[PDB]
Amino acid sequence: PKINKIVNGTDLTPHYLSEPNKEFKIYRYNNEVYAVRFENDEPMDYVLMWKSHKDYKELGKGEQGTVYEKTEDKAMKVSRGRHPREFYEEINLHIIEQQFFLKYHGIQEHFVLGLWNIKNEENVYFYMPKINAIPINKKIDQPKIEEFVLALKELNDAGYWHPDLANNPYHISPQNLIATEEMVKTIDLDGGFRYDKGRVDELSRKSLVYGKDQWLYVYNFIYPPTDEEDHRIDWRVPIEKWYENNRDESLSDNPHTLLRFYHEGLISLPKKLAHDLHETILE
Ligand SMILES: O=P(O)(O)O[C@H]1[C@H](OP(=O)(O)O)[C@@H](OP(=O)(O)O)[C@H](OP(=O)(O)O)[C@@H](OP(=O)(O)O)[C@H]1OP(=O)(O)O
Ligand SMILES: Nc1ncnc2c1ncn2[C@@H]1O[C@H](COP(=O)(O)OP(=O)(O)O)[C@@H](O)[C@H]1O
Ligand SMILES: [Mn+2]
């Protein structure tokens with residue numbers, strides 16, 4: 001019911017996307033900034049981007065930017081890079097499409113996407129919902145991490161992956177996982193998700209394999225398999241040997257591999273995935 005009301009809001013598209021635009025528009029409607037997509041010259045669907053309140057406080061800093069608190073509900077990242085306006089416009093278009101993917105899979109809440117403001121080409125910044133981190137307990141809050149991992153797997157299964165969360169089985173960036181009251185979210189997505197572009201060099205092919213199994217690396221790093229002696233198993237050894245001997249293939253594309261390794265005690269799996277896989281056999 002809101003689509004026709006949202007398009008009557010304030011059009012912010014020139015501050016984010018190329019103008020004119022046939023496919024996507026940005027509107028502020030009742031203190032909420034939406035992205036609206038079009039088909040056949042008609043508004044079709046929308047996604048929520050952030051809440052609007054239309055020497056900043058520093059929320060944090062990484063290698064490639066500084067994140068400020070624009071409002072109590074919105075964060076603002078200033079990256080160290082220099083690119084043309086069209087570079088950010090293209091990222092924004094892909095982020096909007098990726099936001100729609102997240103909505104259509106019911107996992108938008110687990111990822112903090114946003115848009116690059118480009119109304120000043122020399123003062124570019126990334127708006128996004130501000131989240132509030134709280135303590136992590138691996139046992140008491142295990143469902144939070146489980147639910148995030150399964151959401152990330154849904155992303156990986158579709159060919160998208162986080163650009164800086166778990167690049168390979170030996171690299172994890174836990175700082176990009178944030179626990180809130182209800183769940184775990186992931187940040188540092190101002191470039192959008194990664195995806196394969198059809199390239200066949202060695203690096204690209206390995207990155208695709210690592211990305212599709214990203215969800216597995218995160219889960220096993222936090223909840224590695226345990227043997228009789230309560231000693232953690234190095235899940236990386238069987239997985240690496242598998243990649244070396246099954247070229248250009250991911251474990252996620254082979255559920256029989258996941259179940260076999262899980263049955264042998266080599267890898268861990270979220271409780272619901274183990275249950276679903278085992279239920280697939282009983283039935
Ligand atoms: O009038 P605009 O050109 O559309 O810019 C406004 C303005 O931001 P700036 O003046 O700093 O550029 C608002 O800030 P206020 O002075 O009204 O407080 C801000 O609203 P927030 O307070 O929530 O930051 C809003 O941002 P939003 O997109 O969330 O509505 C943003 O609009 P633009 O996105 O078009 O820049
Ligand atoms: N949406 C957000 N809400 C609250 N804090 C954030 C948000 N995004 C980033 N931060 C803070 O800024 C820090 C740096 O974030 P960022 O630069 O995006 O990732 P990285 O440091 O991994 O490159 C984070 O560790 C976090 O504390
Ligand atoms: Mn950074």
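Counting starts at 1 for both ligands and their atoms, in listed order. We number each residue from 1, following the sequence as shown. For the numbers below, each heavy atom of this structure counts, side chains included, while hydrogens, waters and symmetry mates do not.
Defined by atom type and a distance below 3.5 Å, a donor-acceptor pair is missing between the side-chain atoms of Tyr27 and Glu32. Of the N and O atoms on the side chains of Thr71 and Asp73, not one donor lies less than 3.5 Å from an acceptor on the other residue.
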Protein N/O near ligand 2 N/O, under 3.5 Å, which pairs?
{"from": "ligand 2", "atom 1": "1 (N)", "to": "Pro129", "atom 2": "O", "distance (Å)": "3.1"}
{"from": "ligand 2", "atom 1": "3 (N)", "to": "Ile131", "atom 2": "N", "distance (Å)": "3.2"}
{"from": "ligand 2", "atom 1": "17 (O)", "to": "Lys77", "atom 2": "NZ", "distance (Å)": "3.3"}
{"from": "ligand 2", "atom 1": "18 (O)", "to": "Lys77", "atom 2": "NZ", "distance (Å)": "2.8"}
{"from": "ligand 2", "atom 1": "22 (O)", "to": "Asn176", "atom 2": "OD1", "distance (Å)": "2.9"}
{"from": "ligand 2", "atom 1": "22 (O)", "to": "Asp188", "atom 2": "OD2", "distance (Å)": "3.4"}

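By the criterion of side-chain heavy atoms lying less than 4.5 angstrom apart, applied directly or through intervening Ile, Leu, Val, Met, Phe, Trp or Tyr residues, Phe148 is grouped together with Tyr217 in one hydrophobic cluster. When the side chains of ILVMFWY residues are joined at heavy-atom separations under 4.5 Å, either directly or via intervening members, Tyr16 and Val78 end up in a single hydrophobic cluster. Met183 and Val218 are assigned to two separate hydrophobic clusters, defined by single-linkage of ILVMFWY side chains at heavy-atom distances under 4.5 Å.
Aromatic ring centres of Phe111 and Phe193: separated by under 6.0 Å.
Closest to atom 32 (O) of ligand 1 among all protein heavy atoms lies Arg28 NH1, 3.4 Å. The nearest protein atom to atom 34 (O) of ligand 1, hydrogens excluded, is given as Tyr16 OH, 2.6 Å; this is a heavy-atom distance. Nearest to atom 35 (O) of ligand 1 among the protein's heavy atoms is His15 ND1, 2.7 Å. Atom 14 (O) of ligand 1 has as its closest protein heavy atom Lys70 NZ, 3.5 Å. From the protein, the heavy atom lying nearest to atom 9 (P) of ligand 1 is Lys119 NZ, 4.0 Å. Protein heavy atom in closest approach to atom 23 (O) of ligand 1: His53 N, 2.6 Å.
Here the shortest heavy-atom pairing between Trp215 and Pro270 reads CZ3-CD, 4.1 Å.
Atom 29 (O) of ligand 1 is flagged as protein-proximal [any protein heavy atom, distance under 4.0 Å].
Atoms of ligand 1 lying under 4.0 Å from at least one heavy atom of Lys54, given by number and element, are 1 (O), 17 (O), 20 (O), 21 (P), 22 (O), 23 (O). Those atoms of ligand 1 with a heavy atom of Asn117 less than 4.0 angstrom away are 33 (P), 34 (O), 36 (O).
Below 3.5 Å of separation, one finds an N or O of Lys74 facing an N or O of ligand 1. Checked against a 3.5 angstrom limit, the closest N/O atoms of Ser52 and ligand 1 fall inside it. In terms of polar-atom proximity, defined here as any N/O pair under 3.5 Å, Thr71 makes no such contact with ligand 1.
For the pair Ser252 (side chain) and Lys212 (backbone), a donor-acceptor distance under 3.5 Å is present. No donor-acceptor distance shorter than 3.5 angstrom exists from the side chain of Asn21 to the backbone of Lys25, with no hydrogens or angles considered. At least one donor-acceptor pair closer than 3.5 Å links the side chain of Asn8 to the backbone N or O of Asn4. Here the side chain of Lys185 pairs a donor or acceptor atom with the backbone of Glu109 at under 3.5 angstrom.
Note that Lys241 lies outside the cation-pi zone of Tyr243, set by a 6.0 Å cut-off to the ring centre and a 45° limit from the axis.
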